[PDB]
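Given as structure tokens, the chain that follows is alone and in the form deposited without its partner chain.
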């Protein structure tokens, strides 16, 4: 425990007053108020730039953590702009891009920070993409990076959960995000293709289960992004859907990880069937780690069959105060899932609503993650019923 780096990414689970609150565009609130009102969880990290294709470049994940890789979500990037006196960079020198949004000068606003009353210059952009998507910031010169004090990413998951990240220049967590240019190994697909490896390291004790068999665990969650930056090759006299300006493409890992190292899971996870639903229970000490702070529960599933029909819900579970240990649903209704906790026995119960048929052509999948600031538990469930 003592030997783990103290300079990695960390996260807080938050307890917002109004779980129906949303970000309004154009931005009219300071960053901290946006977080207060619309974030259910926040990850802290360092804002870093590399000199790439002749500008200072930052590459940020829309979500640092794995919950639902294929699920679509909406992200809002909000950055603080304040150039030192000696640096001569215009707001128009900053561009950003991300999924669903071409390279562009972001929209700028001025807001008043009610805390200290000070004025603040912010820029923002809205993206639509999966969890694995990226936001890329570009600014020129050697001093351009000094104008961006911090960047907030608010990722609204399919569940409605607000999963946020705050990247500050000179954040203490300097080992939490590392970026380095690497040689491109596969055949080029972009003009002026430039490959970057981004290693995300978070100090959090994570465990992954299938039912109640432990698949993997550790003190540090590590994720490596391999990203190609460059420009789409545009054929003469041809309309292309791909936008102009700089883009990115995801690259595959060098060593294929298309195997299951942990093959000891049952093909159908043990549970209690009631024909109307399957119920799973397990013991956890998670709520004893919470440090008086909430636990965030994210659950999603897919019946298989469908190419990309995902069901997702999220719950905030405070561990002190009114109705403590009672899950608060983040969106209005969660039809597929019910989550309940029995403090006396320290037992969670997950109910999965399912349809009638049961004995053929079924490959349902459910993932439940429950996390505090310092612990996370993921649990995979393999169904032989079709999910509602």
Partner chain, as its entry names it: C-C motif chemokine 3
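Positions refer to the first chain, counted from 1. Take the two forms, find the largest set of C-alpha atoms that superpose within 1.5 Å, and that set is the rigid core.
Separately, the form deposited with its partner chain bound exists; it is not shown, and the next lines address it.
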Worksheet item: Any chance 186, 302 and 305 all have a heavy atom within 4.5 Å of its partner chain in the deposited bound form?
Response: yes
Worksheet, complete the sentence: Answer among 117-125, 161-169, 255-263, 145-153 for heavy atoms within 4.5 Å of its partner chain in the deposited bound form: the stretch 255-263
Worksheet item: Is there a heavy atom of residue 317 no more than 4.5 Å from a heavy atom of its partner chain in the deposited bound form?
Response: no
Discussion item. Test of understanding: in the deposited bound form, would residue 267 fall inside 4.5 Å of its partner chain by heavy atoms?
Written reply: yes
Item to complete: Report whether the minimum heavy atom distance between residue 139 and its partner chain in the deposited bound form is within 4.5 Å.
Response: no
Fill in: is_contact(residue 343, its partner chain) in the deposited bound form, heavy atom dist at most 4.5 Å
no
Worksheet, complete the sentence: Students should find that, of 251, 246, 77, 200, the residue having a non-hydrogen atom no more than 4.5 angstroms from its partner chain in the deposited bound form is 251
Practice prompt. Counting non-hydrogen atoms within 4.5 angstroms of its partner chain in the deposited bound form, say which of 290, 208, 89, 111 makes the cut.
Written response: 208
Worksheet item: Only one of 186, 264, 285, 267 shifts by 2 Å or more at CA between this form and the one not shown when the core is aligned; which is it?
Response: 186
Fill in: Threshold 2 Å Cα movement between this form and the one not shown for residue 172, core superposed
no
Fill in: Exceeds or equals 2 Å, Cα of residue 216 between this form and the one not shown, core fit
no
Worksheet item: After a core superposition, would you say residue 199 shifts its C-alpha by at least 2 Å between this form and the one not shown?
Response: no
Worksheet item: Looking in the deposited bound form, are the Cα atoms of residue 113 and residue 169 closer together or farther apart than here, the change being 3 Å or more?
Response: farther
Worksheet entry | Distance direction in the deposited bound form for the C-alpha atoms of residue 284 and residue 261, relative to the displayed form (3 angstroms or more) | closer
